[PDB]
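Student: Structure provided below as structure tokens; questions to follow.
Values in this text are rule-based calculations from the coordinates and carry no lab data. Cβ: placed from backbone, ideal geometry, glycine included. Neighbour counts: every protein chain shown.
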Amino acid sequence: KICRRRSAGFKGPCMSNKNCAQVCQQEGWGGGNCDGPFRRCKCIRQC
């Protein structure tokens, strides 16, 4: 199981994968990518 949920904390344009991933590592996720036109931060974990 791949948990691909959106960052509840990261309000607005994530702009880069790295920025998204950093907040997600804080917020209990193994990584994350910055989705679409780089607003939504959607983060990876193994469930």
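Student: If amide hydrogens are placed 1.01 Å from N in the peptide plane, which non-local residues have theirs closer than 5 Å to the one on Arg6?
Tutor: Amide H to amide H, under 5 Å and 5 or more residues apart or across chains, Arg6 pairs with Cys43.
Student: Related question: Using helices alone, I'd like the mean residue ellipticity at 222 nm for the chain: each DSSP H run of four-plus residues gives -39500 (n - 2.57), total over residue count, nearest 500.
Tutor: -6000 deg cm²/dmol
Student: Give me the distance in nm between label points sitting 7 Å out from Cα along the Cα-to-Cβ direction at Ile2 and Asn19, one decimal.
Tutor: Placing both labels 7 Å beyond Cα along the Cβ direction yields 2.4 nm.
Student: Just to confirm the number: angle between the C-alpha axis of helix 17-26 and the first principal axis of the chain, 0 to 90 degrees, nearest 10?
Tutor: Taking Cα atoms only, the helix is inclined about 50 degrees.
Student: Treating the beta-carbon of each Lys and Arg as +1 and of each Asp and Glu as -1, no other charges, what is the dipole magnitude of the chain about its Cα centre, to the nearest 20 debye?
Tutor: Dipole size: approximately 160 debye.
Student: I'd like the per residue volume of the convex hull spanned by the Cα atoms of the chain, given in cubic angstrom. If you can, show how the numbers build up before the last one.
Tutor: On the way: hull volume 2.5 nm³, N = 47.
Convex hull of Cα atoms, per residue: 53 Å³.
Student: Related question: Could you sort 3-9, 37-43 so that the peptide with the highest average Cβ count within 10 Å comes first and the rest follow in order?
Tutor: Going from most to least packed, we get 37-43, 3-9.
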